[PDB]
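With TSV, C-alpha atoms inside, this is work-v3.tsv:
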```
chain	number	residue	atom	x	y	z
A	1	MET	CA	-12.21	12.73	-2.61
A	2	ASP	CA	-14.88	11.13	-4.78
A	3	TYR	CA	-13.49	7.61	-4.23
A	4	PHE	CA	-14.72	7.84	-0.65
A	5	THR	CA	-18.02	9.45	-1.62
A	6	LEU	CA	-18.58	6.76	-4.26
A	7	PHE	CA	-18.62	4.12	-1.52
A	8	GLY	CA	-20.46	6.43	0.87
A	9	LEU	CA	-17.50	6.48	3.22
A	10	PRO	CA	-15.94	9.36	5.16
A	11	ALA	CA	-12.47	10.48	4.10
A	12	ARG	CA	-10.53	8.59	6.81
A	13	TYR	CA	-7.96	5.80	6.90
A	14	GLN	CA	-10.12	3.44	8.97
A	15	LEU	CA	-12.71	1.53	6.97
A	16	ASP	CA	-14.55	-1.79	6.69
A	17	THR	CA	-12.97	-3.63	3.76
A	18	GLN	CA	-15.76	-6.19	4.16
A	19	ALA	CA	-18.52	-3.62	3.69
A	20	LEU	CA	-16.34	-2.11	0.96
A	21	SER	CA	-16.48	-5.38	-0.99
A	22	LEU	CA	-20.27	-5.67	-0.88
A	23	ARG	CA	-20.64	-2.10	-2.12
A	24	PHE	CA	-17.96	-2.56	-4.78
A	25	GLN	CA	-19.81	-5.61	-6.08
A	26	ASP	CA	-23.15	-3.79	-5.92
A	27	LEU	CA	-21.69	-1.00	-8.07
A	28	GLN	CA	-19.93	-3.48	-10.35
A	29	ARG	CA	-23.25	-5.18	-11.15
A	30	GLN	CA	-24.56	-1.87	-12.50
A	31	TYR	CA	-21.90	-1.96	-15.22
A	32	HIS	CA	-21.96	-5.68	-16.00
A	33	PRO	CA	-21.51	-6.07	-19.81
A	34	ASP	CA	-24.71	-8.13	-20.20
A	35	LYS	CA	-26.71	-5.05	-19.21
A	36	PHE	CA	-25.48	-3.28	-22.36
A	37	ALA	CA	-25.06	-6.20	-24.77
A	38	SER	CA	-27.88	-4.80	-26.91
A	39	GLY	CA	-26.63	-1.22	-26.74
A	40	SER	CA	-24.47	0.87	-29.06
A	41	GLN	CA	-20.69	0.75	-29.00
A	42	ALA	CA	-20.49	4.10	-27.21
A	43	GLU	CA	-22.79	2.71	-24.53
A	44	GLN	CA	-20.80	-0.50	-24.11
A	45	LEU	CA	-17.61	1.55	-23.96
A	46	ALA	CA	-18.93	4.01	-21.37
A	47	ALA	CA	-19.95	1.03	-19.24
A	48	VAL	CA	-16.41	-0.32	-19.54
A	49	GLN	CA	-14.99	3.06	-18.50
A	50	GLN	CA	-17.37	3.38	-15.56
A	51	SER	CA	-16.47	-0.17	-14.60
A	52	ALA	CA	-12.80	0.85	-14.78
A	53	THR	CA	-13.43	3.83	-12.51
A	54	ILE	CA	-15.19	1.68	-9.92
A	55	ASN	CA	-12.27	-0.74	-9.98
A	56	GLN	CA	-9.67	2.03	-9.67
A	57	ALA	CA	-11.51	3.42	-6.65
A	58	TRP	CA	-11.88	-0.03	-5.08
A	59	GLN	CA	-8.23	-0.99	-5.62
A	60	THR	CA	-7.05	2.35	-4.20
A	61	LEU	CA	-9.22	2.12	-1.09
A	62	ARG	CA	-8.75	-1.60	-0.40
A	63	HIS	CA	-4.93	-1.45	-0.38
A	64	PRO	CA	-3.70	-0.09	2.99
A	65	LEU	CA	-0.81	1.91	1.52
A	66	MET	CA	-2.71	3.09	-1.54
A	67	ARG	CA	-5.59	4.21	0.68
A	68	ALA	CA	-3.21	6.34	2.74
A	69	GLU	CA	-1.48	7.74	-0.32
A	70	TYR	CA	-4.89	8.69	-1.76
A	71	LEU	CA	-6.05	10.36	1.48
A	72	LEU	CA	-2.83	12.41	1.47
A	73	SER	CA	-3.38	13.47	-2.16
A	74	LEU	CA	-6.49	15.25	-0.89
A	75	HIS	CA	-4.19	17.34	1.29
A	76	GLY	CA	-1.52	18.48	-1.16
A	77	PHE	CA	0.69	15.40	-1.32
A	78	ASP	CA	1.72	13.41	-4.38
A	79	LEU	CA	3.50	10.33	-3.05
A	80	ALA	CA	3.75	9.24	-6.68
A	81	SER	CA	6.35	11.94	-7.41
A	82	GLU	CA	10.10	11.32	-7.12
A	83	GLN	CA	11.48	14.79	-6.45
A	84	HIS	CA	9.85	14.47	-3.02
A	85	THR	CA	12.09	12.19	-0.97
A	86	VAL	CA	12.25	10.88	2.61
A	87	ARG	CA	12.95	13.57	5.20
A	88	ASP	CA	13.97	11.11	7.93
A	89	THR	CA	17.69	10.83	7.14
A	90	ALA	CA	18.27	8.35	9.98
A	91	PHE	CA	15.77	6.04	8.28
A	92	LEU	CA	17.81	6.06	5.05
A	93	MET	CA	20.97	5.06	6.92
A	94	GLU	CA	19.03	2.40	8.85
A	95	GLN	CA	17.81	0.86	5.61
A	96	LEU	CA	21.36	0.66	4.26
A	97	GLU	CA	22.60	-0.96	7.49
A	98	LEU	CA	19.81	-3.54	7.35
A	99	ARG	CA	20.55	-4.26	3.69
A	100	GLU	CA	24.25	-4.67	4.38
A	101	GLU	CA	23.26	-7.14	7.11
A	102	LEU	CA	21.03	-9.06	4.71
A	103	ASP	CA	23.98	-9.38	2.31
A	104	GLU	CA	26.06	-10.80	5.18
A	105	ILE	CA	23.31	-13.26	6.07
A	106	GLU	CA	23.28	-14.38	2.45
A	107	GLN	CA	27.06	-14.84	2.30
A	108	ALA	CA	26.88	-16.91	5.50
A	109	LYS	CA	23.94	-18.92	4.11
A	110	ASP	CA	22.31	-18.72	7.54
A	111	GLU	CA	18.63	-19.77	7.37
A	112	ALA	CA	17.94	-19.03	11.04
A	113	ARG	CA	19.36	-15.51	10.76
A	114	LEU	CA	17.32	-14.91	7.60
A	115	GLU	CA	14.11	-16.10	9.25
A	116	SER	CA	14.84	-13.71	12.12
A	117	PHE	CA	15.70	-10.85	9.76
A	118	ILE	CA	12.42	-11.32	7.86
A	119	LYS	CA	10.30	-11.29	11.01
A	120	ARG	CA	12.12	-8.25	12.40
A	121	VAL	CA	11.54	-6.28	9.19
A	122	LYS	CA	7.87	-7.32	9.12
A	123	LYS	CA	7.52	-6.21	12.73
A	124	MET	CA	8.99	-2.78	11.96
A	125	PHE	CA	6.69	-2.47	8.95
A	126	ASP	CA	3.69	-3.15	11.20
A	127	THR	CA	4.92	-0.69	13.82
A	128	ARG	CA	5.59	2.10	11.33
A	129	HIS	CA	2.22	1.33	9.70
A	130	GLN	CA	0.61	1.91	13.09
A	131	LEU	CA	2.57	5.17	13.38
A	132	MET	CA	1.28	6.32	9.98
A	133	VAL	CA	-2.31	5.56	11.00
A	134	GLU	CA	-1.81	7.61	14.15
A	135	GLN	CA	-0.35	10.49	12.14
A	136	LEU	CA	-3.24	10.47	9.68
A	137	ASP	CA	-5.66	10.48	12.63
A	138	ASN	CA	-3.74	13.40	14.14
A	139	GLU	CA	-4.01	15.15	10.78
A	140	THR	CA	-0.27	15.81	10.69
A	141	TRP	CA	-0.13	15.18	6.95
A	142	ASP	CA	3.57	15.89	6.36
A	143	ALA	CA	4.62	13.35	8.96
A	144	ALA	CA	2.13	10.77	7.70
A	145	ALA	CA	3.41	11.14	4.13
A	146	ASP	CA	7.02	10.62	5.17
A	147	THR	CA	6.07	7.45	7.10
A	148	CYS	CA	4.11	6.26	4.08
A	149	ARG	CA	7.25	6.64	1.97
A	150	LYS	CA	9.20	4.69	4.59
A	151	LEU	CA	6.68	1.84	4.45
A	152	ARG	CA	7.26	1.59	0.69
A	153	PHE	CA	10.99	1.17	1.31
A	154	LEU	CA	10.42	-1.42	4.05
A	155	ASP	CA	7.98	-3.39	1.90
A	156	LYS	CA	10.64	-3.72	-0.81
A	157	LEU	CA	13.27	-4.74	1.73
A	158	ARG	CA	10.83	-7.34	3.10
A	159	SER	CA	10.08	-8.74	-0.37
A	160	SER	CA	13.77	-8.90	-1.31
A	161	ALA	CA	14.51	-10.88	1.85
A	162	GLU	CA	11.64	-13.31	1.22
A	163	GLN	CA	12.90	-13.85	-2.32
A	164	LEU	CA	16.35	-14.73	-0.96
A	165	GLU	CA	14.79	-17.25	1.43
A	166	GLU	CA	13.32	-19.25	-1.46
A	167	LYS	CA	16.90	-19.87	-2.60
A	168	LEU	CA	19.41	-19.51	0.24
A	169	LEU	CA	21.22	-22.83	0.63
A	170	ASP	CA	21.87	-23.03	-3.13
A	171	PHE	CA	20.95	-26.57	-4.21
```

Show this structure as structure tokens.
Amino acid sequence: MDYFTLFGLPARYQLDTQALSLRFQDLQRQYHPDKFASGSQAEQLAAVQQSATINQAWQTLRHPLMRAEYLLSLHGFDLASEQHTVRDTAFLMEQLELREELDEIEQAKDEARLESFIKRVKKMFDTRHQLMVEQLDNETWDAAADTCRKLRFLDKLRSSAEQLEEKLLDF
């Protein structure tokens, strides 16, 4: 939970990324290499390591999904694991249906349908993201973790569709 404490923030999903940046930079200055240029190698190294820690904490807290995954790790969840899969079986089937549709859109080379598909997936990502935030606020950790896993699946679907768009018509 130290990542939050480091930035003097409460362990919650809601936070000011703007205020987070100013504090991250304040901390970062403390470990600027010039401050230890005249020091031993162990000193210069330690500064590098502390700098690394500050950056790991900042990256984790700044990223919406990483921030949620971190918060959940403080409550017995390891979203990094693989043996722990999505419990919402309907969601798995939904993702396969949507992917089969994307393949059809590709075969038809339909730009308008692809644009629509992309926006619809992005909208669902935003809606499920809102649901996760609500679940974290409600402190229903199990539910929040499953939604977080769903968001990871949706993000990949979204990125795959956007990659297709940059090609679609084929020359």

(message) My list of candidates is A:98, A:45, A:114, A:79. Which is closest to residue A:65 when distances are computed with all atoms listed in the file?
(response)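 Checking each of A:98, A:45, A:114, A:79 against residue A:65, counting all atoms listed in the file, the winner is A:79.
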
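Distances to residue A:54 were evaluated for A:20, A:6, A:11, A:68 using only C-alpha atoms, and the minimum falls at A:6.
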
(message) Neighbouring residues of residue A:86 were defined as those with any atom within 10 Å, considering all atoms listed in the file; residues of the same chain fewer than 5 positions away were excluded. Please report them as a ChimeraX atom specification.
(response) /A:91-92,145-150,153

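Taking atom CA of residue A:60 and atom CA of residue A:3 as endpoints, the distance between them is 8.3 Å.
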
(request) Show which residues sit within 12 Å of residue A:61, as a PyMOL selection string. Count all atoms listed in the file, and ignore same-chain residues fewer than 4 positions away. (result) chain A and resi 1-7+9-21+24+54-57+65-71

Filtering to C-alpha atoms, could you give me those residues as a CSV table (one decimal), keeping the file's coordinate frame?
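Result file again-v1.csv:
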```csv
chain,number,residue,atom,x,y,z
A,1,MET,CA,-12.2,12.7,-2.6
A,2,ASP,CA,-14.9,11.1,-4.8
A,3,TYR,CA,-13.5,7.6,-4.2
A,4,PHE,CA,-14.7,7.8,-0.6
A,5,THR,CA,-18.0,9.4,-1.6
A,6,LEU,CA,-18.6,6.8,-4.3
A,7,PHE,CA,-18.6,4.1,-1.5
A,9,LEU,CA,-17.5,6.5,3.2
A,10,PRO,CA,-15.9,9.4,5.2
A,11,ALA,CA,-12.5,10.5,4.1
A,12,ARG,CA,-10.5,8.6,6.8
A,13,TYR,CA,-8.0,5.8,6.9
A,14,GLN,CA,-10.1,3.4,9.0
A,15,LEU,CA,-12.7,1.5,7.0
A,16,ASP,CA,-14.6,-1.8,6.7
A,17,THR,CA,-13.0,-3.6,3.8
A,18,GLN,CA,-15.8,-6.2,4.2
A,19,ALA,CA,-18.5,-3.6,3.7
A,20,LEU,CA,-16.3,-2.1,1.0
A,21,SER,CA,-16.5,-5.4,-1.0
A,24,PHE,CA,-18.0,-2.6,-4.8
A,54,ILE,CA,-15.2,1.7,-9.9
A,55,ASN,CA,-12.3,-0.7,-10.0
A,56,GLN,CA,-9.7,2.0,-9.7
A,57,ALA,CA,-11.5,3.4,-6.6
A,65,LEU,CA,-0.8,1.9,1.5
A,66,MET,CA,-2.7,3.1,-1.5
A,67,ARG,CA,-5.6,4.2,0.7
A,68,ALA,CA,-3.2,6.3,2.7
A,69,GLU,CA,-1.5,7.7,-0.3
A,70,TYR,CA,-4.9,8.7,-1.8
A,71,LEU,CA,-6.0,10.4,1.5
```

(message) What's the separation between atom CA of residue A:104 and atom CA of residue A:88, in Å to one decimal place?
(response)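 If I compute the distance from atom CA of residue A:104 to atom CA of residue A:88, I get 25.2 Å.
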
(message) Report as a ChimeraX atom specification all protein, DNA and RNA residues lying within 7 Å of residue A:132, evaluated on all atoms listed in the file, omitting residues in the same chain fewer than 2 positions from it.
(response) /A:128-130,134-136,144,147-148
